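Everything on this sheet refers to the single structure shown next.
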Protein chains: 2
Amino acid sequence: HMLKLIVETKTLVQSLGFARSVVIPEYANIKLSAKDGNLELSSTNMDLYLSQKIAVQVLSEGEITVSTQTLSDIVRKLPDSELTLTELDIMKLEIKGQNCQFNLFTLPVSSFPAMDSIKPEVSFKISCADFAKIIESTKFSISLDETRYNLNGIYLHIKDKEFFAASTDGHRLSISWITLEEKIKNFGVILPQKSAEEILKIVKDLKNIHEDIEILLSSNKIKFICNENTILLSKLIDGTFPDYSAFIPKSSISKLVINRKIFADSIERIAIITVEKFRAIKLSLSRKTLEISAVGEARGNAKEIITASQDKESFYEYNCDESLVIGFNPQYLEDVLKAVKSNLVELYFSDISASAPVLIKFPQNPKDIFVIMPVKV
Amino acid sequence: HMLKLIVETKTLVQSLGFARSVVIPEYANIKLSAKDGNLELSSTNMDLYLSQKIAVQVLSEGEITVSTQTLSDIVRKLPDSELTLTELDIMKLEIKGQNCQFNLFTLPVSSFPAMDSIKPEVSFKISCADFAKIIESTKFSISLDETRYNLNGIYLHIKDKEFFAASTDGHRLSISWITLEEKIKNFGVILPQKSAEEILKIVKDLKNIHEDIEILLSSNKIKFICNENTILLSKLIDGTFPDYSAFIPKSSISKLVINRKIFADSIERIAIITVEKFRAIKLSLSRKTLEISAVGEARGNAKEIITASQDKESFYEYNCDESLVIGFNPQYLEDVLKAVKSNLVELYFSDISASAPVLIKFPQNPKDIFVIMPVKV
Ligand SMILES: [Cl-]
Ligand SMILES: [Cl-]
């Protein structure tokens, strides 16, 4: 029972790309299992276990483990449209193209870890495109200092018939959600950042983006089954996620509506002049104009004017007689503006003060909510 | 007398790119001098002095110095096709687009160094495209350990009516030359690697690549005048360059001729399996086939076969009844194969031994010569 199979090179390349992004000496290896018409590729690290199955021509069933880096480095440089992989009885894997041959040392399959299991408290199916959106809307506002453990992940939780992703670092809040088909018990987990990054890449793949992903949750792990053939098992962050609806404002006295792109682009160039000790831009809002300005000590200052317009390509509107001057960290604003593809963006102000948290919404994207603490300017 | 000018943004962006690649606190600044229809931009470090002149609308003549990083970071994010630059009397430079304004702190022009001078022993003019070729054929085989000082540059020297570039690291030798229009005294200098990198970028620019570069040499510096308006003054490496014709072989018993691309691509994938402690590939040459193989300890082995062919796209020929087995560092081979755009490449073997230096030539490129020491395999 020795592995032998013919695989489409481009397909193997793509699978190895996911294996590389996942990665103890055993973590440097990938397990290849040829069985029942498929090649199963297994990769694991301290927090993730990834299993991918791809259709191949299974000529002989078997399993080997080999260096992930070595195998992917070779395969992505082979010009052949198909490759033959053969386990030989010298603890070696032969990779054969039309004119070239590579013999890789293999490692004992018995030293490769098998995947653990889950006893889910809840499980449900959502579309890959919906899951990609909620992760893309929350991955950027995860906290990054390792002291606040319960903030270094994305809170995934079911409330009523809705599935939320939420992230915060104490300075901003990001929430994105999906309506579930059936009712389902309320439950929540904190997904580690690396795990979120990996599953996002998997669902965004062109083979998966139009299909569905099953999600299984328990108190100690989460399991993703993406379009049947890709399984990712992840540890969780062991913490309580704060009840974040405490930091969402319930009212507003005024709102800015502005073309998203011109806003993002203006913030970016005005923030160039700032320094790290004072990363802030100032918005001076009026009915007629928006002024975006910043200062940087021993560097200079900058200002851009955006005038009122009802044209979609240059839209700016602020329907309030009272002008408002308010500051923000430009990176936090840019993070939100880049998370959602939308023509317009809306900023809601709780009061006529430069201290209240600001709520950000994109029209034609009602299921995303962002809150940013302002800074004194 | 305060600077004020209108400049095409894209032109300023390109000039600042060269200024950035050049870069003591004074080295962080760029001098802008508006005079007689041009903006002159000066940048300097410990070894280079760069002066660029670009046509602008000089509205008022003057000079300022400002942070290179800050100015380029701002200008490359401005969408305006033209910008106005105005020195104001608060030691500040205003950069104005249509809707935005940046005020940069300036530094005293009197603290910016002026360029030194040259009293050339020889001077001559060659085309930018010819100079680019000889630098591209020699920059990769400069030595990189700082002990052998006289090898960490490109030897530029006039012999008879020919102008040579030559570089070596003790393992390989690269020589490329140009025929000069007039006779000129024999003279040579060692151009530092960074200086070679910078002038190569300048001559390769689309505005300069079809024009000429004047070269002025003295015992202690070299001056380039590229297409009239860009001047680069460089220090030299103070050493004697070895008479390298000692390491060129004068005869050959056999030669391989092979399609350059298939050779480079095969070497690259076969070398994947090697390790750093033994970076070598093996060529087994025969009339009928070329076998390219390698081994990597605790990794595996690899082999590719190239068969005899007279077709240009897959050319392989070796007109010798005696087979030859010879090894090389694959990076040294790849360096040469990537330096010259040519369909075929030729390897000349001094004798039927795996120890003699190998001479490499590209047909339709007679003015390039490369020699590589083989390695035992
Ligand atoms: Cl079988
Ligand atoms: Cl004037």
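To be explicit about the labels: the chains of the structure tokens are called A, B, and onward in the order shown, and within each one the residues are counted from 1, while ligands get numbers from 1 in the order they are shown.
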* To do: Could you list, as a ChimeraX atom specification, the residues of chain B having an atom within 10 Å of chain A when counting only C-alpha atoms?
  => /B:66-67,70-71,73-79,92-106,265-266,268-273,291-307
Residues as selected, C-alpha atoms, written as a PDB file, in the first residue's frame, can you do that?
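File written: result06.pdb
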```pdb
ATOM      1  CA  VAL B  66      13.425  70.452   3.060  1.00  0.00           C
ATOM      2  CA  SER B  67      13.090  66.842   4.224  1.00  0.00           C
ATOM      3  CA  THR B  70       8.442  64.306   3.762  1.00  0.00           C
ATOM      4  CA  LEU B  71       8.419  66.076   0.386  1.00  0.00           C
ATOM      5  CA  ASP B  73       5.771  61.177   0.596  1.00  0.00           C
ATOM      6  CA  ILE B  74       3.431  64.134   0.056  1.00  0.00           C
ATOM      7  CA  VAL B  75       3.991  64.745  -3.644  1.00  0.00           C
ATOM      8  CA  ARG B  76       3.495  61.137  -4.689  1.00  0.00           C
ATOM      9  CA  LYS B  77       0.030  61.172  -3.095  1.00  0.00           C
ATOM     10  CA  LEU B  78      -1.163  64.319  -4.789  1.00  0.00           C
ATOM     11  CA  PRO B  79      -3.610  63.767  -7.684  1.00  0.00           C
ATOM     12  CA  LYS B  92       8.320  77.145   5.392  1.00  0.00           C
ATOM     13  CA  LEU B  93       7.624  75.686   1.964  1.00  0.00           C
ATOM     14  CA  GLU B  94       4.015  75.703   0.772  1.00  0.00           C
ATOM     15  CA  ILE B  95       3.023  72.895  -1.596  1.00  0.00           C
ATOM     16  CA  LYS B  96      -0.317  73.738  -3.188  1.00  0.00           C
ATOM     17  CA  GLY B  97      -2.645  71.593  -5.235  1.00  0.00           C
ATOM     18  CA  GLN B  98      -6.134  72.541  -6.337  1.00  0.00           C
ATOM     19  CA  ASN B  99      -7.874  71.637  -3.077  1.00  0.00           C
ATOM     20  CA  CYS B 100      -5.053  70.945  -0.622  1.00  0.00           C
ATOM     21  CA  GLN B 101      -2.115  72.753   0.934  1.00  0.00           C
ATOM     22  CA  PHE B 102       0.976  71.464   2.755  1.00  0.00           C
ATOM     23  CA  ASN B 103       3.342  73.699   4.713  1.00  0.00           C
ATOM     24  CA  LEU B 104       6.755  72.100   5.323  1.00  0.00           C
ATOM     25  CA  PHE B 105       9.389  73.462   7.677  1.00  0.00           C
ATOM     26  CA  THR B 106      12.543  74.365   5.741  1.00  0.00           C
ATOM     27  CA  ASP B 265      14.796  27.589 -15.721  1.00  0.00           C
ATOM     28  CA  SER B 266      16.138  24.044 -15.337  1.00  0.00           C
ATOM     29  CA  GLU B 268      16.622  27.068 -10.962  1.00  0.00           C
ATOM     30  CA  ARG B 269      14.308  24.177 -10.240  1.00  0.00           C
ATOM     31  CA  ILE B 270      17.079  21.600  -9.782  1.00  0.00           C
ATOM     32  CA  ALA B 271      18.898  23.892  -7.326  1.00  0.00           C
ATOM     33  CA  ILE B 272      15.787  24.040  -5.085  1.00  0.00           C
ATOM     34  CA  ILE B 273      16.849  20.750  -3.477  1.00  0.00           C
ATOM     35  CA  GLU B 291      21.573  16.015 -17.469  1.00  0.00           C
ATOM     36  CA  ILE B 292      21.238  18.670 -14.749  1.00  0.00           C
ATOM     37  CA  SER B 293      21.150  17.189 -11.250  1.00  0.00           C
ATOM     38  CA  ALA B 294      21.722  18.110  -7.620  1.00  0.00           C
ATOM     39  CA  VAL B 295      21.653  16.618  -4.124  1.00  0.00           C
ATOM     40  CA  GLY B 296      20.767  18.165  -0.781  1.00  0.00           C
ATOM     41  CA  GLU B 297      21.679  16.457   2.469  1.00  0.00           C
ATOM     42  CA  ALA B 298      18.614  15.282   4.415  1.00  0.00           C
ATOM     43  CA  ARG B 299      16.439  16.781   1.662  1.00  0.00           C
ATOM     44  CA  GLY B 300      16.779  14.592  -1.417  1.00  0.00           C
ATOM     45  CA  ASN B 301      17.992  14.785  -5.001  1.00  0.00           C
ATOM     46  CA  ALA B 302      16.782  16.044  -8.366  1.00  0.00           C
ATOM     47  CA  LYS B 303      17.560  15.554 -12.042  1.00  0.00           C
ATOM     48  CA  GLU B 304      16.353  17.032 -15.336  1.00  0.00           C
ATOM     49  CA  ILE B 305      17.153  15.804 -18.869  1.00  0.00           C
ATOM     50  CA  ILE B 306      17.550  18.115 -21.866  1.00  0.00           C
ATOM     51  CA  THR B 307      17.912  16.369 -25.199  1.00  0.00           C
TER      52      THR B 307
END
```
* **Selection: 8 Å around residue 81 of chain B, only C-alpha atoms, excl. self and same-chain fewer than 4 positions, as a ChimeraX atom specification** => /B:8-10
* Dump the neighbourhood of ligand 2 as a PyMOL selection string: all residues within 12 Å, distances computed on only C-alpha atoms and all ligand atoms. => chain B and resi 1-5+33-37+57-63
Residues as selected, C-alpha atoms, written as a PDB file, in the first residue's frame, can you do that?
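result.pdb, freshly written:
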```pdb
ATOM      1  CA  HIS B   1      14.300  86.451  -3.760  1.00  0.00           C
ATOM      2  CA  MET B   2      11.959  83.668  -2.599  1.00  0.00           C
ATOM      3  CA  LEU B   3      11.391  80.461  -4.546  1.00  0.00           C
ATOM      4  CA  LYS B   4       8.101  80.059  -6.377  1.00  0.00           C
ATOM      5  CA  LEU B   5       7.421  77.669  -9.226  1.00  0.00           C
ATOM      6  CA  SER B  33      16.951  75.778  -6.365  1.00  0.00           C
ATOM      7  CA  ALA B  34      14.664  77.632  -8.782  1.00  0.00           C
ATOM      8  CA  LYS B  35      16.671  79.520 -11.390  1.00  0.00           C
ATOM      9  CA  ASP B  36      16.636  80.235 -15.129  1.00  0.00           C
ATOM     10  CA  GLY B  37      13.596  78.147 -16.041  1.00  0.00           C
ATOM     11  CA  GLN B  57       7.642  77.456 -14.537  1.00  0.00           C
ATOM     12  CA  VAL B  58       9.998  79.621 -12.476  1.00  0.00           C
ATOM     13  CA  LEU B  59       7.778  82.398 -11.102  1.00  0.00           C
ATOM     14  CA  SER B  60      10.351  83.625  -8.574  1.00  0.00           C
ATOM     15  CA  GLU B  61      13.960  82.510  -8.181  1.00  0.00           C
ATOM     16  CA  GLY B  62      15.270  81.194  -4.876  1.00  0.00           C
ATOM     17  CA  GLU B  63      16.440  78.173  -2.912  1.00  0.00           C
TER      18      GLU B  63
END
```
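Running DSSP on the backbone gives strand (DSSP E) for these residues within segment 290-325 of chain A: residues 290, 291, 292, 293, 294, 295, 296, 300, 301, 302, 303, 304, 305, 306, 307, 316, 317, 318, 324 and 325 of chain A.
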* Near-residue 65 of chain A list (8 Å; only C-alpha atoms; drop same-chain fewer than 6 positions) as a VMD selection string -> chain A and resid 29 to 32 106 to 109 112
Written file, previous selection with N, CA and C atoms, as a PDB file, in the first residue's frame:
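What landed in selection.pdb:
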```pdb
ATOM      1  N   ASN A  29       6.065  19.730   8.531  1.00  0.00           N
ATOM      2  CA  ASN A  29       5.744  18.698   7.558  1.00  0.00           C
ATOM      3  C   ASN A  29       4.277  18.768   7.164  1.00  0.00           C
ATOM      4  N   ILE A  30       3.969  18.148   6.031  1.00  0.00           N
ATOM      5  CA  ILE A  30       2.610  18.032   5.527  1.00  0.00           C
ATOM      6  C   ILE A  30       2.346  16.553   5.285  1.00  0.00           C
ATOM      7  N   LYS A  31       1.171  16.081   5.680  1.00  0.00           N
ATOM      8  CA  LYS A  31       0.809  14.689   5.446  1.00  0.00           C
ATOM      9  C   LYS A  31       0.001  14.605   4.157  1.00  0.00           C
ATOM     10  N   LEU A  32       0.383  13.683   3.277  1.00  0.00           N
ATOM     11  CA  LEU A  32      -0.335  13.439   2.029  1.00  0.00           C
ATOM     12  C   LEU A  32      -0.953  12.049   2.109  1.00  0.00           C
ATOM     13  N   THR A 106      11.098  11.288   3.040  1.00  0.00           N
ATOM     14  CA  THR A 106       9.840  11.327   3.782  1.00  0.00           C
ATOM     15  C   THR A 106      10.104  11.039   5.253  1.00  0.00           C
ATOM     16  N   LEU A 107       9.151  11.409   6.079  1.00  0.00           N
ATOM     17  CA  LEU A 107       9.216  11.152   7.506  1.00  0.00           C
ATOM     18  C   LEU A 107       8.094  10.200   7.904  1.00  0.00           C
ATOM     19  N   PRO A 108       8.262   9.448   8.987  1.00  0.00           N
ATOM     20  CA  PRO A 108       7.251   8.444   9.350  1.00  0.00           C
ATOM     21  C   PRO A 108       5.876   9.065   9.564  1.00  0.00           C
ATOM     22  N   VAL A 109       4.883   8.529   8.846  1.00  0.00           N
ATOM     23  CA  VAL A 109       3.500   8.970   9.021  1.00  0.00           C
ATOM     24  C   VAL A 109       3.051   8.820  10.470  1.00  0.00           C
ATOM     25  N   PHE A 112       3.124  11.876  12.637  1.00  0.00           N
ATOM     26  CA  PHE A 112       2.364  13.062  12.315  1.00  0.00           C
ATOM     27  C   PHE A 112       1.072  13.065  13.122  1.00  0.00           C
TER      28      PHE A 112
END
```
Residue 326 of chain B environment, 6 Å, only C-alpha atoms, sequence neighbours closer than 5 positions dropped, as a tab-separated table (two decimals) with N, CA, C and O atoms, in the first residue's frame:
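After the write, selection_16.tsv holds the following:
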```
chain	number	residue	atom	x	y	z
B	282	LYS	N	25.11	19.84	-10.83
B	282	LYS	CA	25.99	19.03	-11.67
B	282	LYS	C	25.45	19.02	-13.09
B	282	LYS	O	24.26	18.76	-13.30
B	283	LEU	N	26.33	19.28	-14.05
B	283	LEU	CA	26.01	19.15	-15.47
B	283	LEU	C	26.71	17.91	-16.01
B	283	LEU	O	27.94	17.81	-15.91
B	354	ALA	N	36.80	18.79	-14.68
B	354	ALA	CA	35.78	19.48	-13.92
B	354	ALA	C	36.37	20.53	-12.98
B	354	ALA	O	35.75	20.88	-11.98
```
* Could you pull out all residues of segment 267-352 of chain A with a DSSP call of alpha helix (DSSP H) and give them as an MDAnalysis selection string? -> chainID A and resid 267:271 330:339
* Asked: Could you pull the residues within 9 Å of segment 340-352 of chain A, counting only C-alpha atoms, minus those fewer than 6 positions along the same chain, as a ChimeraX atom specification?
  -> /A:133,136-137,249-261,263,312-313,315,322-325,358-365,368
I need the chosen residues saved as a tab-separated table (two decimals), in the first residue's frame, with C-alpha atoms.
```
chain	number	residue	atom	x	y	z
A	133	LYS	CA	-17.57	40.00	4.71
A	136	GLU	CA	-13.12	41.46	6.58
A	137	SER	CA	-15.15	43.97	8.56
A	249	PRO	CA	-24.41	55.16	20.77
A	250	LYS	CA	-28.21	55.02	20.57
A	251	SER	CA	-28.85	58.52	19.17
A	252	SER	CA	-27.33	61.19	16.94
A	253	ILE	CA	-27.89	64.90	16.34
A	254	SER	CA	-26.15	65.16	12.96
A	255	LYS	CA	-24.50	63.08	10.28
A	256	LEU	CA	-21.95	63.63	7.56
A	257	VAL	CA	-22.42	61.77	4.28
A	258	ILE	CA	-19.43	61.75	1.96
A	259	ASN	CA	-18.09	59.91	-1.05
A	260	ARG	CA	-16.05	57.15	0.57
A	261	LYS	CA	-13.10	57.26	-1.82
A	263	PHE	CA	-12.74	60.88	2.07
A	312	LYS	CA	-22.22	60.70	-6.41
A	313	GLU	CA	-18.57	61.01	-7.49
A	315	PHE	CA	-20.68	63.72	-2.66
A	322	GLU	CA	-23.93	74.03	13.92
A	323	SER	CA	-20.40	73.44	12.69
A	324	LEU	CA	-18.45	70.61	14.32
A	325	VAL	CA	-14.68	70.26	14.84
A	358	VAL	CA	-18.69	58.40	16.30
A	359	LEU	CA	-20.74	55.70	14.56
A	360	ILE	CA	-19.87	54.88	10.94
A	361	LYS	CA	-22.25	53.22	8.47
A	362	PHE	CA	-22.13	52.43	4.76
A	363	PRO	CA	-25.40	52.72	2.81
A	364	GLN	CA	-26.27	49.60	0.83
A	365	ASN	CA	-24.37	47.72	3.61
A	368	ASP	CA	-21.89	46.57	9.30
```
* Please provide the set of residues having any atom within 9 Å of residue 367 of chain B, restricted to only C-alpha atoms, with same-chain residues fewer than 5 positions apart removed, written as a VMD selection string. => chain B and resid 134 175 to 178 361 to 362
* **Surrounding residues of residue 221 of chain A excluding itself and chain neighbours under 3 positions, 8 Å, only C-alpha atoms, as a ChimeraX atom specification** => /A:118,217-218,233-236
* What is the atom CA of residue 85 of chain A to atom CA of residue 14 of chain A distance in Å? -> 16.4 Å
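Nearest-residue note for residue 223 of chain A: choosing from A:86, A:329, A:47, A:130, the minimum distance belongs to A:47, counting only C-alpha atoms.
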